[PDB]
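J.:
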RNA sequence: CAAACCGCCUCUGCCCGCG
RNA sequence: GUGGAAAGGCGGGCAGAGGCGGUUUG
Ligand SMILES: [Zn+2]
Ligand SMILES: [Zn+2]
């Protein structure tokens, strides 16, 4: 029922591996250029996985703003192996539990599922964000071309508690400071709730910026920072005329908690 | 009638990995050589879906240019399960709902079915573009004969939200950076409709620059990129006599946003002088 | 027997190896769009009085295949192995050199490779709101690298030069049958000459779908219909190719179908001489 | 011969171990099964000695760099081929121990396949040493050493 | 002018839906 | 005067949880 389209807010910028960055495969590398990269699967599934638990904590405090959160109650469906019952984490993937709403009209009011999309039997909601793969920037293509190391091999160990017998292994991780260039597209399918979706995406970006991305993470292998370049709007008439009619938010030197908001997005409000 | 055929040629650049699938998930490949390819239907229907959504946004604002969008209300016919009750996505093929017009003379004024084609009952407006099938550029067959990998195998995982349990699957994705070679042949059947049809086709292509093409697109598997070579008009007299009468516009280094405005007042000034 | 050979270098996959009935329909629809109504009737009169075309047969890199005559089945033992006799009866397309052998009832060889593949691709239909899918399968003829399809033309040269050669340049950019908006029936056309060494007898194999005016000698029956501007054509009993008539010129039939114009179905023969056994 | 690498296989698989190795004093010796057939017998009597395994991967990364330079990486694929000769004996020029005798069955096969590459094809003339470089490691893992 | 060791293991690795 | 016309193999899914480069040598 009723998919519309008004435009597409485009978020561009850089991902700064403030510490090392492990996304296993050996870090993944695209087969052509040979450099490492960040997928969009590894990033959408980690913005999601944080905003999940953010909703699960506030699961009762929102159900007058987001309906169909009334039909859940916190926890997993593992202590009673059923698909759709009163618990929030209501899909089995292979042996593990994940919140995906099972319908279109249920998931249109879920805050997680109107933004990261859903699936199901006899109904399906598709996403509103597109999270593209993040390759190395223009600087680091050439820092690779100038001969620098782009990855490292780190050597760790495991010590016996009684006799101090130690047992090494080798991880392989992107060097610190490496910088990848990303893009996130929110598809404005309704002009009532795009503020809420851009603000929930920024909540997920802030929670990722305090947590890690991939790899061990609890041992230091994460720590991504978001260096913003351009929010753009690209309205419905950019695509027909082709002319530069798109509204840009000026945030080249701001934080993901500094966007989050009424001062930045005022022309996007007025353009409706 | 018929007044010639405008042939649009160029290249597609899979800037991110391109995945289509062949029913641990393979991609579709030519059964004889083994190279991948982009189907013509997978490209055409993605263009049609994008332009359907764009039109459904604009059923109030184009009612004077295109009539027979006055017969439709913006929405879908899935809840009230009568076909063409009055919503836009009115025809049900098997389990999904598409906007396909039910007649000739209602689809001559609807901008989707005038270009992409309708089916109806006793009527059948056929399409007006031919989205020719897209194969790897000969540079990327030469890279295929240098032993280089032309597809990859990407392992993804699903993870329990409480206990962090890995649940992995693999997808076979085309190597990012690949090049395919497309062709789209528009049939000039009525000399009024041509400007609006090519503008709508380029609008549908430019929505595809910011969308994806098949497969897990929101997990980063689309990002297609059109790189035009040339247009040709191929007039009615060309198929009669077989000389070189066809106007060749040259836009070798132009994108689809640089093509809709920059060349449409200028690179089609020669074609409007021949109609 | 000097024939013009039209080669259809494929740009994609066909829907089927085109019959003569859907080659002539495609030529008529080309001529009505680049010339007019009154030049399709002159095409039809040229094929009534003179010229004939044949069905399309596969080629693969300068080897041209032709259908097997049915004249070799009743006396395949007198030619001659039970494995060879069975594989020599199953096979459909003989090579041009072998085909000229088998027209004279000589021992021949079948090709050990077919130039195409009938593959069925799964497609899907997605609704625009929920992206909720529905599969169907679609069959098509997917060709190899140098392989493709061709057909033969007899008759005069002003008919070829005014009608069939413009029709082939038109139909290269709107294909021969099938989902031609997926870029299926499309091709590049190029013309050669073929010469066929054929014995001058009373009996003729037909290289096009016959629709005869009298009973033939040995035949292989083929019902098919069509679709003419949306209207369903009734099913007609053609003879399939490679079948033996004697002195039977075939015949086109005009249909009714409720249109602005009559619709001809190409039921003419394409005779090559053949040597029979005693029955 | 899985039960070979027995204890006297060092005194059994050095029948003609270095003669044909010195006869392969260039890279493109023989494209056939003689590559694998030599590469099994090379590791067949290393295994009776020590052969500390994981001190090799710098050459693996260096061959990866030269292979990226095969894949349109750099036009000069000459300096990294010399940097292996710069690191040819520094390992036995760093520390010695119990597995040194297996290094005696490792250093004698270096200079037959290392002095070649100054006037060589950079993309070509390289895959056969690149195969012998991995099949010895592979069958040495398969006999049970790593 | 560094003596000696340890130089990866533990777990899942395509599903629900269209015919 | 084409066994045709219309039809996106696609929606959702973090390669992840755990592990001192360490033990002895005036
Ligand atoms: Zn939900
Ligand atoms: Zn329509």
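Chains as they are written, first to last, in UniProt numbering: chain A, 1 to 25, 38 to 272, 276 to 287; chain B, 4 to 26, 36 to 287; chain C, 2 to 81, 89 to 287; chain D, 39 to 43, 45 to 185. We treat Cβ as the ideally placed atom computed from N, Cα and C, and that holds for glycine.
Find the residues of chain C that neighbour residue 2 of chain A, judging by a C-beta separation of less than 9 Å, and give them in chain order.
T.: Residue 2 of chain A sits at position 2 when you count from the first residue of the first chain. Under the 9 Å cutoff, chain C gives 137.
J.: Cβ of residue 130 of chain B versus every heavy atom of ligand 2: is any distance shorter than 8 Å?
T.: On the second chain, position 118 is the one that residue 130 of chain B refers to. Within the cutoff, so yes.
J.: Which residues, taken in chain order from the segment 97-125 of chain D, show a beta carbon closer than 7 Å to some beta carbon of chain A?
T.: If the cut-off is 7 Å between Cβ atoms, the segment 97-125 of chain D has 107 near chain A.
J.: Kindly say whether residue 231 of chain A, judged by its beta-carbon, lies nearer than 9 Å to any beta-carbon of chain B.
T.: The residue labelled residue 231 of chain A in the question sits at position 219 within the first chain. It does not; no Cβ of chain B falls within 9 Å.
J.: Per the contact definition of three or more C-beta pairs closer than 8 Å, is the segment 228-241 of chain C in contact with the segment 257-270 of chain C?
T.: Yes, since at least three Cβ pairs between the segment 257-270 of chain C and the segment 228-241 of chain C fall closer than 8 Å, the two stretches touch.
J.: Going by Cα to Cα distance, which pick from C:32, C:48, C:253 and C:43 is closest to residue 4 of chain B?
T.: Indexing the second chain from 1 puts residue 4 of chain B at position 1. Of the listed residues, the one whose Cα sits closest to residue 4 of chain B is C:32.
J.: Scan the segment 180-199 of chain B for residues whose Cβ lies nearer than 7 Å to a Cβ of chain A and list them as they occur along the chain.
T.: Within the segment 180-199 of chain B, the residues whose Cβ lies closer than 7 Å to some Cβ of chain A are 187, 188 and 189, listed in chain order.
J.: Per DSSP, what are the beta-bridge partners of residue 276 of chain C in this structure?
T.: Your numbering for residue 276 of chain C matches position 268 in the third chain. Paired residues: C:258.
J.: Which chain C residues sit within Cβ distance under 8 Å of residue 136 of chain A?
T.: Along the first chain, read from residue 1 onward, the residue named residue 136 of chain A stands at position 124. Under the 8 Å cutoff, chain C gives 138, 139 and 140.
J.: Between residue 264 of chain B and residue 243 of chain B, is the Cβ-Cβ spacing less than 9 Å?
T.: Numbered from 1 along the second chain, position 252 holds the residue referred to as residue 264 of chain B. Numbered from 1 along the second chain, position 231 holds the residue referred to as residue 243 of chain B. The answer is no: Cβ separation not under 9 Å.
J.: List the residues of chain C that residue 116 of chain A touches, going by C-beta distances under 8 Å, in chain order.
T.: As a working mapping, residue 116 of chain A is identified with position 104 in the first chain. Here the neighbours are 137 and 138.
J.: Which residues does DSSP pair with residue 5 of chain C in a beta bridge?
T.: By one-based count along the third chain, residue 5 of chain C stands at place 4. For residue 5 of chain C, which the question treats as bridged, DSSP gives the partners C:161 and C:201.
J.: With the cut-off set at 9 Å, would you say residue 44 of chain D and residue 175 of chain D are in Cβ contact?
T.: Chain D lacks the residues between 43 and 45, and residue 44 of chain D is one of those with no coordinates.
J.: Would you say residue 113 of chain A touches ligand 1, meaning its beta carbon is less than 8 Å from a heavy atom?
T.: Within the first chain, residue 113 of chain A is the residue found at index 101, counting from 1. Result yes, Cβ under 8 Å from ligand 1.
J.: Closer than 6 Å by C-beta to residue 21 of chain A: which residues in its own chain qualify, once you throw out the five before and the five after it? Chain order, please.
T.: Translated into the one-based positions of the first chain, residue 21 of chain A becomes position 21. For residue 21 of chain A, where only same-chain residues beyond five positions count, the Cβ hits under 6 Å are 186.
J.: So, residue 29 of chain C versus residue 192 of chain C, is the Cβ gap smaller than 9 Å?
T.: Here residue 29 of chain C corresponds to residue number 28 of the third chain, with the count starting at 1. Here residue 192 of chain C corresponds to residue number 184 of the third chain, with the count starting at 1. Cβ distance not < 9 Å, so residue 29 of chain C and residue 192 of chain C don't count as in contact.
J.: Using alpha carbons as the reference points, say which of D:158, D:184 and D:168 lies closest to residue 63 of chain D.
T.: Stepping through the fourth chain from its first residue, residue 63 of chain D is reached at position 24. For the residues D:158, D:184 and D:168, the minimum Cα distance to residue 63 of chain D belongs to D:168.
J.: How many whole angstroms separate the CB atoms of residue 158 of chain B and residue 193 of chain B, which I take to be in contact at a CB cut-off of 8 Å?
T.: In the second chain, the residue the question calls residue 158 of chain B occupies position 146. In the second chain, the residue the question calls residue 193 of chain B occupies position 181. About 19 Å separates the two Cβ atoms, so there is no contact after all.
J.: Do the segment 146-164 of chain C and the segment 49-60 of chain C touch if we need at least three Cβ pairs shorter than 8 Å?
T.: Taking 8 Å as the limit for Cβ pairs, the verdict is that the segment 49-60 of chain C does touch the segment 146-164 of chain C.
J.: Does residue 83 of chain B have its Cβ less than 9 Å from a Cβ in chain C?
T.: In the second chain, residue 83 of chain B corresponds to position 71, counting from 1. Chain C, which has no Cβ nearer than 9 Å to the Cβ of residue 83 of chain B, makes this no.
J.: What does a CB cutoff of less than 8 Å around residue 180 of chain B pick up in its chain, not counting 5 residues either side in sequence?
T.: The residue labelled residue 180 of chain B in the question sits at position 168 within the second chain. These residues qualify, in order along the chain: 167, 168, 169 and 170.
J.: Going by the CB atoms, is the gap between residue 168 of chain C and residue 251 of chain B shorter than 9 Å?
T.: Position 239 of the second chain, counting from 1, holds the residue named residue 251 of chain B. Position 160 of the third chain, counting from 1, holds the residue named residue 168 of chain C. It is not a contact, given that the beta carbons lie outside the stated cut-off.
J.: Where are the alpha helix (DSSP H) runs, 4 residues long or more, that stay fully inside the segment 87-142 of chain D, in chain order?
T.: Runs of the alpha helix (DSSP H) inside the segment 87-142 of chain D: 96-109 and 118-125.
J.: On the criterion of 16 or more Cβ atoms from any shown chain inside 10 Å, does residue 133 of chain A qualify as buried, or is it exposed?
T.: Counting from 1 along the first chain, the entry for residue 133 of chain A is found at position 121. When all chains shown are included, residue 133 of chain A counts as exposed.
J.: What does DSSP give as the partner residue(s) for residue 103 of chain B in the beta ladder?
T.: Numbered from its first residue, the second chain carries residue 103 of chain B at position 91. B:110.
J.: Whose C-beta lies closer than 7 Å to the C-beta of residue 79 of chain D among residues of the same chain, with five residues either side of it excluded?
T.: The residue you call residue 79 of chain D lines up with position 40 of the fourth chain. Same-chain partners within the cutoff: 178.
J.: Please work out which residues of its chain come closer than 8 Å, Cβ to Cβ, to residue 272 of chain A, disregarding the five sequence neighbours upstream and downstream, and give them in chain order.
T.: One-based indexing of the first chain puts residue 272 of chain A at position 260. Here the set comprises 211, 214, 215 and 218.
J.: Between residue 173 of chain B and chain A, is there a C-beta pair that is closer than 9 Å?
T.: For this step, residue 173 of chain B is matched to residue 161 along the second chain. Cβ-Cβ to chain A under 9 Å: yes for residue 173 of chain B.
J.: Give me the Cα-Cα distance between residue 206 of chain C and residue 131 of chain B, rounded to the nearest whole angstrom.
T.: In the third chain, the residue the question calls residue 206 of chain C occupies position 198. In the second chain, the residue the question calls residue 131 of chain B occupies position 119. Rounded to whole angstroms, residue 206 of chain C to residue 131 of chain B spans 48 Å at the Cα level.
J.: Which parts of the segment 182-243 of chain A are runs of the beta strand (DSSP E), unbroken and 3 residues or longer, counting only runs that do not cross its ends?
T.: Within the segment 182-243 of chain A, the complete beta strand (DSSP E) runs of at least 3 residues are 191-200.
J.: CB-CB under 6 Å to residue 103 of chain A, same chain, minus the five flanking residues each way: which ones, in chain order?
T.: For the purposes of this step, residue 103 of chain A is taken as residue 91 along the first chain, with counting starting at 1. Excluding sequence neighbours, residue 103 of chain A sits near 110 and 112.
J.: Give a single yes or no on whether residue 126 of chain B has its beta carbon closer than 8 Å to a heavy atom of ligand 2.
T.: The residue given as residue 126 of chain B occupies position 114 in the second chain. Checking the Cβ of residue 126 of chain B against ligand 2 gives yes.
J.: Could you check where the beta strand (DSSP E) with residue 127 of chain C kicks off and where it finishes?
T.: Position 119 of the third chain holds residue 127 of chain C. Counting along the chain, the beta strand (DSSP E) containing residue 127 of chain C begins and ends at 124-132.
J.: Let me make sure I understand the geometry here. Which of C:262, C:175 and C:216 has the alpha-carbon closest to that of residue 198 of chain C?
T.: In the third chain, the residue the question calls residue 198 of chain C occupies position 190. Of the candidates C:262, C:175 and C:216, the one whose C-alpha sits nearest the C-alpha of residue 198 of chain C is C:175.
J.: When you check each C-beta in the segment 96-116 of chain A against every C-beta of chain B, which residues fall closer than 8 Å?
T.: Of all residues in the segment 96-116 of chain A, 101, 105, 106, 107, 108, 109, 110 and 111 have a Cβ within less than 8 Å of some Cβ in chain B.
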